[PDB]
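Below: one structure, written as structure tokens.
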Amino acid sequence: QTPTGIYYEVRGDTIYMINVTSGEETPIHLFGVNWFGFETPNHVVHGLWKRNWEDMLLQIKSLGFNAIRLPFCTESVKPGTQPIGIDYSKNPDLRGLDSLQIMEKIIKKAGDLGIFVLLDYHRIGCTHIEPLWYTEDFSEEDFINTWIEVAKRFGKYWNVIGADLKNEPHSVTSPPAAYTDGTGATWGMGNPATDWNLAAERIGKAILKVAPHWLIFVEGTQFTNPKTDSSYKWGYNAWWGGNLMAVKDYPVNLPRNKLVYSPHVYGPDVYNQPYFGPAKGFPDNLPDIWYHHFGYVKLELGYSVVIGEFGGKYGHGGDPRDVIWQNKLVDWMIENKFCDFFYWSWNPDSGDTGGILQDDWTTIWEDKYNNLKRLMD
Ligand SMILES: OC[C@H]1O[C@@H](O[C@H]2[C@H](O)[C@@H](O)[C@H](O)O[C@@H]2CO)[C@H](O)[C@@H](O)[C@@H]1O
């Protein structure tokens, strides 16, 4: 069932797109990039002070990408939020539009270009990623209502493939405190106050009620439960939204044909993880770590796994080990058929990662892009 005539579904570990009108059904791949800004105080994708928004989408497509993960915050999706940081001289058709109208315009145009869009509820506020899907201030029912409103609106755009429920569930304290102190996300504690896996079924079910044709992207947490995390030597060193070690024993209960697990994984430019030390076997020790944290969900369990974020400076003003790290990760994704992904980020203005575009928001980093395009064939 679909309001657009397009229906998305997971068969095995492959995402398929169905056109109910022509009857066409083909598998699709997501060669994506994250274009952020709608989750920041700007309330609009960044770079429009230097580029025309349409030109940005065209350039993204020209490089072989066919998908964009679009992060947003609660404020950006409500009527009337004023965006800041747009050169209207370059973006005349954006004059007088609120953030919601600009998002609509961008998504509609991305569709004309054949670019898929994944909506990502990145932050409740607009300044940072919260560890849980609710705060002292904002309840879970508010979170879900925000999603319901977003789904009823954007569900009408054919190229929107679904929802990445919550960006990077994580913890702010250490374990074992973290598993019960209630300040962070968990998985398999059988505790509804902090179990992201239990939360995902709830949020996801609400969204599917209004957008049945959508896919539901579920990220990992940081820590899961002490049994799971302790059963692996690097079980306490997974990235925020990067721990899917608990999926085996605690699958997320959403229809199999709608669920997509979406882990995040980073390099040394983001955090100097202990396993990045050469004396620890870096980078040849990585495949097994990636396998344990999330790879097995696809390779062993057969689920669709779409890396939601990964990136780094690739040696440009950053830790030189990051070049090796990205080269190794892409090697591994290609070998193991992790064909769907979203790179962080299209934007060059990411403090610890830089992006595909250089600081001038116009030219790209050739070596970084040449490594990544191996995934695009
Ligand atoms: O996940 C992105 C996030 O990582 C933060 O570092 C964490 C890391 O995720 C975790 O695996 C490690 O064990 O602890 C560190 C410190 O919290 C990093 O600080 C953020 O900048 C980054 O966005």
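Take full-length UniProt numbering: the final residue in the sequence shown is number 410, and no numbers are missing along the way.
All C-beta atoms in this analysis are idealised placements derived from N, C-alpha and C, irrespective of residue type, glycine included.
Return the CA-CA distance between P316 and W358, expressed in angstroms with no decimal places. 7 Å
Taking the alpha-carbon positions, what's the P116 to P125 distance? 14 Å
Indicate whether the contact test is met: 3 or more Cβ pairs, each with one atom in the stretch 270-290 and one in the stretch 236-253, closer than 8 Å. yes
What whole-angstrom Cβ distance do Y376 and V66 have, given they're in contact under 8 Å? 5 Å
Boundaries of the alpha helix (DSSP H) in which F187 is found, first to last residue: 173-187
Could you tell me whether the Cβ atoms of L96 and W68 are closer together than 8 Å? no
Grab the span of the alpha helix (DSSP H) containing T213 for me, first residue to last. 210-213
With contact counted as at least three CB pairs below 8 Å, one residue from each stretch, are the stretch 124-143 and the stretch 203-216 in contact? no
Element boundaries [alpha helix (DSSP H), containing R235]: 229-243
Sort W394, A271, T114 by Cα distance to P307 and report the nearest one. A271
Closest to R289 by CA distance: which of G45, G275, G188 is it? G45
If you count every other CB in all the chains shown that lies within 10 Å of the CB of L319, and 16 or more means buried, which is it? buried
Ignore the nearest five residues each way along the sequence and tell me which others in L408's own chain have a CB closer than 8 Å to its CB. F64, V363, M366, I367, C372, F374
For the beta strand (DSSP E) containing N290, list its first residue and its last residue. Note, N290: premise wrong, no beta strand (DSSP E); not H, not E.
Please list the segments of the alpha helix (DSSP H) lying wholly inside the stretch 50-128, counting only runs of 4 or more residues, in order along the chain. 86-95
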